[PDB]
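Consider the single chain below, provided in C-alpha cells and representing the form deposited in one PDB entry.
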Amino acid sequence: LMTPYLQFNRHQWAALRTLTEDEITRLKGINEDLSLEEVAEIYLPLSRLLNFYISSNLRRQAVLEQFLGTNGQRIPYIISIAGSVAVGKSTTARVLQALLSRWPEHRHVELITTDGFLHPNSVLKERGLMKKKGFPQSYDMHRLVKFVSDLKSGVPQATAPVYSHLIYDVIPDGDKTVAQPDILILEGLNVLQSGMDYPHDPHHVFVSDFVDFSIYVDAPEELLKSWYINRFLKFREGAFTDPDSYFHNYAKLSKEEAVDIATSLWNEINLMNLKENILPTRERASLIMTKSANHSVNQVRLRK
C-alpha cells in the first residue's frame, strides 16, 4: 500500500499554485510545441518546489558555516534529469533553467548534457560500439563522475566535453567551461546509473553521490517510440540542405522508409537501452515526473 513517494495527480499538482513577455518568448524559444498552460500548471510549481529544496540547503550552509567556522566555499546545487531517449529530458532541463533563473538567490544556472561525455567515434569504432551510443560502455563515465566531483569540491572552473548532432560525434575542441554556478542542471540518460552498470570499468562513487536532487522523466514505451520517431523525422527534415550533416544520410530515404529505419533503431538500440539500463534506475530519483499523450504531465511522485 505505502511507497517511498508522495503521489500527485495532475490536478493536485496544478492546485499547488504568471510570467513576463520576455519569459514567454524564451519559453517558446525552447520548444514551439511547449504548451504555456503546461508551463503554468506543471513547471512553475516544480520550479517552486526545487527553490524550496535549494533555499533549505542555502540556509543549512549558513548554519553550518557558523558552527564549523569555515570560510564557506561556494558549492553549486546540482539537479540531475534522467529518462529515456526522447522522453523530454532536454526540454525539461531548459524550462527549469529558465524558471529557476527568476529568483535573485540563484541566478547563475548552468545546464550540461551528459551526451558530451560519450567516447568519440574513433574510440567507439575501435571498441565496436558505434551502434551502442547511449549504452554504459559508450560513456567516458569516470570523466563524468570527475566533473561533478570537481564541482562538489569547489573548483573555480570545470570543463565539459560537448556533443554535436550535426557531426554525430564529440566536438574535437568544443569543451565548455563551467565556473561555479549557483545551480547546475545535469541532464542525460545515465545520471542515476552507478558502478553496477559499468562492470567492464567499475567506478565506486556515483554521479548521484554528487547530485542534490534528481528527476526521472517517465512515459510509457509506446509514447516514447512515437516521440522518438517524430524527432527522427524532424532531424531528417532539418538536414535536407546540409550535405555534411549526419542526418543528411536519411534524406535519401523516402519518409516511409525513414519511419521504418527509425522504428528499427528504436526497437534494437533505444528500447533495449531503456529496459536494460535506464528504466531500472527510475526509483533512485528524488522525483518521478510521468507524461502522457501530447507530453501532458499526468503524475508527479516526490520522495517522502
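Note that residue numbering follows the sequence shown and begins at 1. We call the rigid core the largest set of C-alpha positions that still match within 1.5 Å between the two forms.
One more form of this protein should be noted, the form deposited in another entry, which is absent from this view; the next part is about it.
Measuring CA movement between the shown form and the other one with the rigid core aligned, the set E257, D33, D242, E268 has one residue at 2 Å or more: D242.
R282 shows a C-alpha shift below 2 Å between the shown form and the other one [criterion: core-superposed Cα displacement of 2 Å]. Superposition on the rigid core between the shown form and the other one places the CA atom of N294 less than 2 Å from its counterpart. Compared with the form shown here, the Cα atoms of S56 and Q12 move at least 3 Å closer together in that other deposited form.
In that other deposited form, the Cα positions of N57 and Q12 lie at least 3 Å nearer to each other than in the form displayed.
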